[PDB]
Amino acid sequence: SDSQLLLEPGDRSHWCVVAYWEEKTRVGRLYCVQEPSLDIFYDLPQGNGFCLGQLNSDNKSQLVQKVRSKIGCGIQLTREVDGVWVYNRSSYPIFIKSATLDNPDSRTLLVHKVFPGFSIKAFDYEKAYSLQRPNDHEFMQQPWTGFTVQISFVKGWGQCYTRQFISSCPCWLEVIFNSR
């Protein structure tokens, strides 16, 4: 046409970027978010946004298939006046690690459980802007942890769970937040 052929340049206005993982395998392209709210869900009639059921995956594991069938309506991420909220719209708990959810003086970040229908503030811009975790050596060596949130469907990880690391979880998300 006239405007249908041109490719626009990039921008600084996408407020987060989402990566979907199955265990150690990244599934599908990254989803870069512009509008203030996004559903992340399994099948097309179940939300407006990032559809995970459409992603072609090489991981055919039975456990991954079972968790995928439990994602259902998934989660919603929404920018609000006081930060970014994650709402659990699905019928199973989700588990979240975010640097802005924890006491800045702790030695390690915790994984937080969010029951179906409950919400949690995934990201706080003011706290992230000034965040130092001086007692967390891994954090100081990997400061991008300050703006990357990890979310697992159905299965928890870390202390008091079978899986020590998030990359053992069947279905999980990496959410990278812009500073904004």
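Note that residue numbering follows the sequence shown and begins at 1.
Engineer: Between 25-33 and 50-58, which has the higher average C-alpha B-factor in the PDB entry?
Structural biologist: It is 50-58 that shows the higher mean C-alpha B-factor.
Engineer: Quick one: say whether 78-86 or 99-107 has the higher mean Cα B-factor in the deposited entry.
Structural biologist: Higher mean C-alpha B-factor: 99-107.
Engineer: Whose CA atom has the top B-factor in the entry, of 142, 152, 130, 148?
Structural biologist: Of the candidates given, the C-alpha B-factor peaks at 130.
Engineer: With respect to the C-alpha temperature factors reported in the PDB entry, which of 44, 120, 38, 67 ranks highest?
Structural biologist: The listed residue with the largest C-alpha B-factor is 44.
Engineer: Going by the recorded CA B-factors, say which third of the chain residue 112 sits in, lowest, middle or highest.
Structural biologist: Its C-alpha B-factor belongs to the middle third of this chain's values.
Engineer: Split into thirds by Cα B-factor across the chain's modelled residues, where does residue 160 land: lowest, middle or highest?
Structural biologist: Highest third of the chain for residue 160's C-alpha B-factor.
Engineer: Relative to the other modelled residues of the same chain, rank the CA B-factor of residue 8 and answer lowest, middle or highest third.
Structural biologist: Middle third of the chain for residue 8's C-alpha B-factor.
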